[PDB]
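Take a look at the structure set out below.
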Number of protein chains: 4
Amino acid sequence: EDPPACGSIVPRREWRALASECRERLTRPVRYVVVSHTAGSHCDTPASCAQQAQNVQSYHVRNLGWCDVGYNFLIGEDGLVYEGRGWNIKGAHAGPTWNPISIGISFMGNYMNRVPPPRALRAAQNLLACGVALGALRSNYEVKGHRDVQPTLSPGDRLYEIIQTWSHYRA
Amino acid sequence: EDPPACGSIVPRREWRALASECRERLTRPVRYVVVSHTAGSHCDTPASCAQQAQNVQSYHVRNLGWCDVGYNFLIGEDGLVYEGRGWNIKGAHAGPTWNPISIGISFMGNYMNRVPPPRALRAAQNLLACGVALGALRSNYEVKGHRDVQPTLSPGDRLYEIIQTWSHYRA
Amino acid sequence: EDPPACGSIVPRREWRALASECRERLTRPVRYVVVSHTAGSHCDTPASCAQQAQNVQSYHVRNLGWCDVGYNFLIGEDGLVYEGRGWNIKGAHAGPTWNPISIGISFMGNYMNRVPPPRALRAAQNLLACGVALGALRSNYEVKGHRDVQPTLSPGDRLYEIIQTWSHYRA
Amino acid sequence: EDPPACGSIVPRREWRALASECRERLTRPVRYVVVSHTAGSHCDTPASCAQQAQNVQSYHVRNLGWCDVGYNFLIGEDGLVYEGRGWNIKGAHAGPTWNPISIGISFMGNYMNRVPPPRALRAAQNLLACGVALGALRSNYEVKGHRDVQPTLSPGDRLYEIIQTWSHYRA
Ligand SMILES: CCCCCCCCCCCCCC(=O)O
């Protein structure tokens, strides 16, 4: 194995995650990346966004009864990636056919009428190349919108339109 | 576009930077990184760290008459790396002996009696790897604190003592 | 609910196919059939062909890193049909324009300078009649040579000459 | 040292190409080069090679209805390079994945058994050095055989064996 300081990520603890109870592992390297939005309150400062991650995780664990926040990684408009279940653990974002074989990253907000800052998009794309550097993703990985693999308006029309233009996007 | 990773550097235009006029180029690969502080105001939201980078640059351009902001890159307490003279333009930060044979990174704020948050440290940390991947920084680059190569309190007592504990630091 | 079962097709499990990671669906009924060859050794036994099929799949999967073997079906000189991605999943045989709208069937061998045995030809024909009965293929499906849609020698000259005479062949 | 120090290329109009209709661009500096062969006949005089470049384009444009010949450059055994879509326009040679991010150079002939002559090889390597010199290719670009990225025998065994020995070959 080879791992470097590839990319930067706010750690679980830094955004005061509840501890995870989730054990199923993804099989490296993962072929798919699925992009969603939370459809929730957006945020643009470290403080506001650590809090939002906390709120999303809190909704998933307390109300939905999930082992942890369902996303592998969240994205702030503050330009920071926030660690969910990470590269190694199966998430709960895209249903039972896609959760086993994908990494799910979710911008934090509603992207129906808005777009995310060029820094939010930079974070996400840098996260994925790091995923590749680390061997968590395949080099020939493919990105899909949430709406491609499940009946939903996630990741939001504005953002969906945006991710259609990525190098690795295949639908 | 593309790939507009790595390190996820904010671009000159995104912080509303005046254009660069500096032409002297860095002979590669670069052996040294010099870490400084600005000794300016701190900032904790991308909005305030865009304003702060703009302020530093103008001071350098309008008052000192430099071709551009003196540092190769800047680091907020927002958690992002802010492009300055970048990887290839020789900077203005460590004097005549060190300017040509090093990349200068400066943390925006005064770190005599406080530290940069871990996100600030994280971004600096990756930016440095993100520069080895390029050929910009040599694989075994040595990190120096401003006060190690010049007579200055930069980069603040607290920041300096953290820097002393990084693997690539050479007193 | 009626029964017209046309599968004298070796199922993946039986030629010990590795498991497909391919998710893209063809929509039925499919209008086009593209005939390629592997330009690899040919095999005239259920044992060699099963192996050959794993070898072809090892190339597309291990080496090239694809979700599965690229073809929808493979054809052997043993007179049998090997299930590749099957009737319902987009194959990777003929490019971005034809892949979504066709089934790719590949003869296991190099038919530049020999004709594929009559039984291999009967297998392919009967494979096609089977797809029609299933509603997998349009009753008026069109057969194309690989070289008619992509620059390549595939399916080999001798085999290409033969398919040019087929009822459903379309220049 | 000087501004343009590279390479002798037979321009489109000189080997009497049809006008290109392809407008999708590559992003310089390009990191990848894929080497194919035409698989057809070889030519060894600038008269016969201009003729062949004309044939290969006819096929790609007339039969396949493509916007221009698929390759970015072609190499004759006359030892001239023939301009295809060139440095800036995405070609058609290596599929959906590789095409947007590479430059496809194809040797005119079949090298399954027979090597390109020294002058043909010199031409291709000089072409590549020229692309780096112009910033069309990354200083550390990588070469791959067509078969390293698509399932095909090209660029032919003898020629594949040679490119594998090259400074920039990356398996
Ligand atoms: C193996 C990881 C995939 C690499 C993804 C490219 C992201 C940029 C980081 C590496 C530096 C490349 C230089 C550049 O493209 O400008």
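Residue numbers start from 1 in every chain, and the chains themselves are labelled A, B, ... in the order their sequence lines are given, proteins ahead of strands. Note that ligands are numbered from 1 as they come in the structure, with each ligand's atoms numbered from 1 the same way.
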When you pair each N or O of ligand 1 with protein N or O atoms, which pairs come out under 3.5 Å?
residue  : atom   : partner   : partner atom : Å
ligand 1 : 15 (O) : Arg138(D) : NH1          : 3.1

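Annotation: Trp66(C) is not in aromatic contact with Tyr59(C) [ring centroid separation under 6.0 Å not met].
In terms of modelled atom types and a separation under 3.5 Å, the side chain of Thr38(A) and the main chain of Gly109(A) share a donor-acceptor contact.
Within a 6.0 Å sphere centred on CD of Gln164(D), heavy atoms belonging to other residues, nucleotides or ligands number more than 12. Atom CD of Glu21(C) is surrounded by more than 12 heavy atoms from other residues, nucleotides or ligands within 6.0 Å. For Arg28(A), the CZ atom sits in a packed shell: over 12 heavy atoms of surrounding residues, nucleotides or ligands are nearer than 6.0 Å.
The only member of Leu127(D), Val35(D), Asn72(D), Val143(D) that meets side-chain contact (heavy atoms from CB on, under 4.5 Å) when paired with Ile103(D) is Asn72(D).
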